[PDB]
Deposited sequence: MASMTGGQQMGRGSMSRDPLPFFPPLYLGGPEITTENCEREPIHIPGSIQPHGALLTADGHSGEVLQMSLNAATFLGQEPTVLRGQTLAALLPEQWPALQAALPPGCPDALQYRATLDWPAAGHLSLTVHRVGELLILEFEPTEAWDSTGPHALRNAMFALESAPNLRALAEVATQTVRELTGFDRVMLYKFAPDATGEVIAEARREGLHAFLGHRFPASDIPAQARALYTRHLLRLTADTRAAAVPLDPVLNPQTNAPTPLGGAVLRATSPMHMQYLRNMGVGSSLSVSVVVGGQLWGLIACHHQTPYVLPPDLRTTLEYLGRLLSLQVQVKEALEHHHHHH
């Protein structure tokens, strides 16, 4: 099973109970964005991140009464149609708001049962993706495909280190390709224990295909209330990219000298084949539109891995 989260007086996580930390329900988010939850029917704002006032420019109480209808007039009917009752928690809808306080915000919404989860992040506003797609497809074998993928991602993102991280049948990880800035340790060829990404983390990565710690030293921002009014239970935040990252993991990242981390899942035959794994030495918020490019690349790599593995077997 899972332990209760901390804020419901559950045990603190150690190396004896990695497998049981409830990472989907931390009750908090990373501070480079803001999150609101809301009722599926009424559009009634039920929870907000204590930092919402910053991003939205709204007097705190104003929000926690109001309706999405009021708050987002153009958007609220689109949401209603895009995310019908009963849809999967994996389905997401995005829009760009030109919002008074903040030039442009990206809005990302998904639905978990009766709750809409809304994420707001700063945003903005060429051929590198098309060029990359053809490059991946003409790679002659899996090894070269891995090399092209890591190089392409590094060029698109500027990340200090991009790795392709392949799982063995027992969930032992091996770095099979790597693109990195001069003057970093090489992780190419190295193998790591399964428990570095515990089973409850791998399952969640099979369904929700991208996550990140924008700053390995930033404090999480609580949800208020912490419990969903609807259920008097924790809000599931696994489908939210803003979810506060595990302190266990952030301790690991910090011990490696990483300041910013991001990964993308490569899913083949319904199973987690590997990850595109990015490190930056310093804090780094990759903007939403560039993340989208990596999300596309994730799908394309999933296709090409199967194609390429089929021409060996």
Chain regions without C-alpha coordinates, deposited sequence numbering = 1 to 20, 146 to 150, 339 to 343
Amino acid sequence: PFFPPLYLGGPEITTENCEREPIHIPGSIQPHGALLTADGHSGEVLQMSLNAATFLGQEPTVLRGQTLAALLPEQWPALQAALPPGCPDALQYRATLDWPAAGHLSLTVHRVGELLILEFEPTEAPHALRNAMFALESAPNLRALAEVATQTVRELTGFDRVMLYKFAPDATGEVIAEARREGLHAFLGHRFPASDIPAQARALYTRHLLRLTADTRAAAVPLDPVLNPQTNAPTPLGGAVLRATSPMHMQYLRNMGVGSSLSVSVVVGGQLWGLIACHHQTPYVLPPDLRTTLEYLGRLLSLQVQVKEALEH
From here on, numbers count along this sequence of modelled residues.
task = Using the B-factors recorded in the PDB entry, average over the C-alpha atoms of 78 to 86 and of 213 to 221, then report which stretch comes out higher.
result = 78 to 86
key: Residue range whose averaged C-alpha B-factor is higher in the record, 132 to 140 or 97 to 105   = 97 to 105
message = Comparing recorded Cα B-factors across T61, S260, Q47, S263, which one is largest?
response = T61
request  = Go through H249, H280, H32, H41 one by one and give the residue whose Cα B-factor in the PDB entry is largest.
outcome  = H41
task = Place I23 in the lowest, middle or highest third of its chain's C-alpha B-factors, as listed in the PDB entry.
result = middle
key: Assigned third (lowest, middle, highest) for the C-alpha B factor of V162   = lowest
inquiry  = Split into thirds by Cα B-factor across the chain's modelled residues, where does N232 land: lowest, middle or highest?
reply    = highest
note = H127: CA B-factor among chain residues, third -> highest
message = Could you place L68 in the lowest, middle or highest third of its chain by Cα temperature factor, using the values in the record?
response = highest
